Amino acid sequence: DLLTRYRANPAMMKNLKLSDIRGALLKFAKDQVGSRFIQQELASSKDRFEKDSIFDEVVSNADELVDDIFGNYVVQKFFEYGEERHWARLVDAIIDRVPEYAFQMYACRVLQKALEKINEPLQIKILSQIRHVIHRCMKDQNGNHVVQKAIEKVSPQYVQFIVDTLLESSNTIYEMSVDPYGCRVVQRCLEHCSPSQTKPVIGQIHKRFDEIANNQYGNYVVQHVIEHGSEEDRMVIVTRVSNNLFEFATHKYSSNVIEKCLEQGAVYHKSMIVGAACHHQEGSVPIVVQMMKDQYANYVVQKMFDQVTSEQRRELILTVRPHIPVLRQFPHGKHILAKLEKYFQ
């Protein structure tokens, strides 16, 4: 009603305050114009008691606001000015339905904002609800962002249950690594968890490495292992890539994994890949020249020339050059061997 009146001429109630809303918070918070009023007031006010004047009403109506298209923004703003006592009341208002809020488009942003802002005891209280639904939650279109947020903002020892969920069955890190949302959880885990946690997670990735490497989402998991795994992980991967260079290079997704090995590898890593690329089986064209005729592997050769040492390049040039005008015959060869003219002049 005051809402319906304020909507008429908004800049005509320019002296409206937060405590003039104190019975209409629900209607205001669920209204496009009303929620923008509340937010603009919370951001401009330097008055703790005006802000707290509707806070009791935000708490009382929280469960109806957290998954509202406009109310979720209102609830979130009340994490921006508290300390623990103010954060604890908010968390209590929602804690019991956190298992559902994590799956919801709007309410999941309240859960993320809470983890962003509240102290660690309160974070752990939110995670204790997530424990119940964590497997579903990891690969939910909404739930994965809450799990990602947990891994980024909570110390590693209190997300152990998330890591143990990735390891809950033999096929779980595979299942997660090929899921469009699950794969982001795996990547956050490789970025932020302790080596005690990432070791068995990476161990499982190695077991089904080829499959994950050529999956449209798993290839990012493998790339994150190359960057965030141990020196011994990079060695097991470069070694396997080198031994199967042509097969990795000629497939859509796994070709990016070689490029990552080239980009992040040390000199001896690059040496093993160039070595495999230049081996000439007594009855065949060298692997590198075949790679240059392939829709994906030609980009891998280009990445090679760009990242390897001059002496490793010399080995490539001396193996390619007895076969070039034979390569211009091929489709896009003109543009392929032109991008490499820099190294043939």
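Quick note: we count residues from 1 along the sequence shown, nothing fancier. Here, rigid core means the biggest group of C-alpha atoms that superpose within 1.5 Å across both forms.
*Asks:* Rigid core superposed, root mean square over structures and residues, which stretch has C-alphas farther from this form in 4 other deposited structures of this protein, 73-81 or 147-155?
*Replies:* The more displaced stretch in 4 other deposited structures of this protein turns out to be 73-81.
*Asks:* After superposing on the rigid core, which of 156-164 and 84-92 has its C-alpha atoms sitting farther from this form in 4 other deposited structures of this protein?
*Replies:* Farther on average in 4 other deposited structures of this protein: 84-92.
*Asks:* Can you let me know which of the two, 74-82 or 207-215, has the higher average C-alpha B-factor in the entry?
*Replies:* Mean B over CA atoms: larger for 74-82.
*Asks:* If you average the CA temperature factors as listed in the entry, which stretch comes out higher, 240-248 or 101-109?
*Replies:* For C-alpha atoms only, the mean B-factor is higher in 240-248.
*Asks:* Can you tell me which of 38, 285, 300, 66 has the highest Cα temperature factor in the record?
*Replies:* 285 has the highest C-alpha B-factor of those listed.
*Asks:* Could you say which of 26, 62, 33, 317 has its CA atom at the highest B factor, as listed in the PDB entry?
*Replies:* Within the set 26, 62, 33, 317, 317 shows the top C-alpha B-factor.
*Asks:* Should residue 93 be placed in the lowest, middle or highest third of its chain by the C-alpha B factor in the entry?
*Replies:* Tercile = highest for this residue's CA B-factor.
*Asks:* Split into thirds by Cα B-factor across the chain's modelled residues, where does residue 268 land: lowest, middle or highest?
*Replies:* According to the entry, residue 268 has a C-alpha B-factor in the chain's middle third.
*Asks:* Lowest, middle or highest third: where is residue 200 by Cα B-factor in its chain?
*Replies:* Bottom third by C-alpha B-factor.
*Asks:* Going by the CA temperature factor in the PDB record, which third of the chain does residue 231 belong to: lowest, middle or highest?
*Replies:* Its C-alpha B-factor, which the entry lists for residue 231, ranks in the highest third among residues of this chain.
*Asks:* Divide the modelled residues of the chain into thirds by Cα B-factor and specify which third, lowest, middle or highest, holds residue 275.
*Replies:* Bottom third by C-alpha B-factor.
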